[PDB]
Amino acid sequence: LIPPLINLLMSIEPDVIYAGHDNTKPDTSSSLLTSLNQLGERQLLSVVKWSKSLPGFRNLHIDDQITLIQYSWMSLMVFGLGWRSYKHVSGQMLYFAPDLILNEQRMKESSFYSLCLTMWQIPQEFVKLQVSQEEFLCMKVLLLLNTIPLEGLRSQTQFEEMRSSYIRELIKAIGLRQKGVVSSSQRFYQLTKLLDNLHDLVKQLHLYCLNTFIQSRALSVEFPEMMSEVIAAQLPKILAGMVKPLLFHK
């Protein structure tokens, strides 16, 4: 049977989030990017709502909760993109939302296409490894908790215990399917290495974001208010490497 924390994680997953994308026009660069940012705004709200129901998270110092969301939001979004792409279209298109699904044809602009190829690595890996829902849900919590400030968190003890609890839960999720301690251990290595490797992937998205944000008026790309604040609050600092990514492996 499914362990209870994993069932709970299933229960607190967000409902379907639409981009509000007007698929009557053809997209220019600016309209496509504006629509993705609009979806991003809706997804950021969803992430904060999700965190309020995530066992353990609400008990961290509020400053730590805000910090962790501000550090991890891009990571959580691209990881979720990967999941939806894996689930709905077998990793072969990028399933941003049910009203915003991009195939290669719709990826005209050079830099955005390159960004998409980077993002595509996640669903490709989900397909290759045959990641389960139970594994995904635990890994997703670990991503929220995968980067801390250089000086640590105010609730560092609580945070460490929470992170340990979800590591143990990933081990249970793996154990649902991987039988044998070697197969299970090898799988744990694989899934945690994927998370380690996400730090490098997300750096590329961070840079793209800040570039687009700084150039937003010139590119005619709208950045809604909540996303603008998360970007302004932490992205330059994160990009400068003044944070501590946590790694499972050396």
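We call the rigid core the largest set of C-alpha positions that still match within 1.5 Å between the two forms. From 1 onward, residues are counted along the sequence shown.
Relative to the displayed structure, the C-alphas of 99-107 lie farther away on average in 8 other deposited structures of this protein than those of the other candidate, with 99-107 and 169-177 compared after rigid core superposition.
Superposing each structure in 8 other deposited structures of this protein on the rigid core shows that the farther-lying of 43-51 and 206-214, by root-mean-square Cα distance, is 206-214.
Of the other compared PDB entries of this protein that include residues on both sides, all give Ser228 atoms, none of them, and so not a third, leaving it without. Judged by the one-third criterion across other entries of this protein, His21, modelled here, is also modelled in every one of those that cover both its neighbours. Mean CA B-factor, 183-191 versus 47-55: the higher value falls on 183-191. As listed in the deposited structure, the average C-alpha B-factor of 98-106 and of 129-137 is greater for 98-106. Which of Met93, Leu144, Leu176, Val78 has the largest Cα B-factor in the deposited entry comes down to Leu176. The PDB entry assigns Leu201 a C-alpha temperature factor belonging to the middle third of its chain's modelled residues. When all modelled residues of the chain are sorted by CA temperature factor, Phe112 is found within the highest third. Compared with the other modelled residues of the chain, the Cα B-factor recorded for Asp63 ranks in the middle third. In the deposited entry, the Cα temperature factor of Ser228 sits in the bottom third of values across the chain's modelled residues.
When all modelled residues of the chain are sorted by CA temperature factor, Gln158 is found within the highest third.
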